[PDB]
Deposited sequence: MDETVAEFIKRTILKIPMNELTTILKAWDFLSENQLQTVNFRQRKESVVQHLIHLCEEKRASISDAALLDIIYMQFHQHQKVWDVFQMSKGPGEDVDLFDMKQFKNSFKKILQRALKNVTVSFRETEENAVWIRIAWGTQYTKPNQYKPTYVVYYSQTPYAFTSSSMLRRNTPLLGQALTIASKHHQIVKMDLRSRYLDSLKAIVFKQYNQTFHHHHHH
């Protein structure tokens, strides 16, 4: 693996608290049960991380594997970002249809972008987008996270600056599922569970 992907995995593991480490890594399901047995987790973090980075080399970790561990960190630490709610207005054959559509729209608009996915059993997708330009590489340390619940008109994003790549994200989301318009709602929270609670409650009154 490249030193860029190796560094990203290092900084990701470094910010994981020690007690959580063994649970996140199992959830990641990239390093094997056998590989992880060789690691003793009861010393300095710096020793733990270099052993784990070695194990990623053995397993030939790509950027996609790195991006997936990052999603899992975020899934276990949703509170670290402020989530905005977005509403769409109006069928897919599949979730795979959405993922390929969405990925292409972004990677055609700009050339350098990392678009990764994780599916949860709620018919929901986590999207992680690391933005780059036509000329510059993707910034893996300032990514955008999207949580789209497929059978709803609702999508939840983590806004950091609300950049020039923010109208494009709306566009891509809107096009990739069978929707015509997107609008930002005036609903912010650090807690996604609490936002789900308001938008899916008032989605049940109207329909």
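- Taking the first deposited residue as 1, the stretches without any C-alpha atom are 91-96, 214-219.
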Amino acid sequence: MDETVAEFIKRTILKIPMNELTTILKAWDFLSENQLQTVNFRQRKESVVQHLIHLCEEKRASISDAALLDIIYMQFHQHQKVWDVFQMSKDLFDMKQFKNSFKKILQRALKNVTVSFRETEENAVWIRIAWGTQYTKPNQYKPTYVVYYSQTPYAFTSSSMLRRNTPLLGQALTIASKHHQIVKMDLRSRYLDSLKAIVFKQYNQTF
From here on, numbers count along this sequence of modelled residues.
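- For the pair 129-137 and 99-107, the record assigns the higher mean C-alpha temperature factor to 129-137.
- Checked against the record, the higher mean CA B factor of 41-49 and 169-177 lies with 41-49.
- Taking the PDB entry at face value, the top CA B factor among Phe117, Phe93, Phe76, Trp83 belongs to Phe93.
- Among the modelled residues of its chain, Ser62 has a C-alpha B-factor that falls in the lowest third, as given in the PDB entry.
- When the modelled residues of the chain are ordered by C-alpha B-factor, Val113 sits in the middle third.
- Per the deposited record, the Cα B-factor of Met161 falls in the highest third when ranked against the other modelled residues of its chain.
- Annotation for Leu14: CA B-factor lies in the middle third of the chain's modelled residues.
- Among all modelled residues in its chain, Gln151 ranks in the highest third by Cα B-factor.
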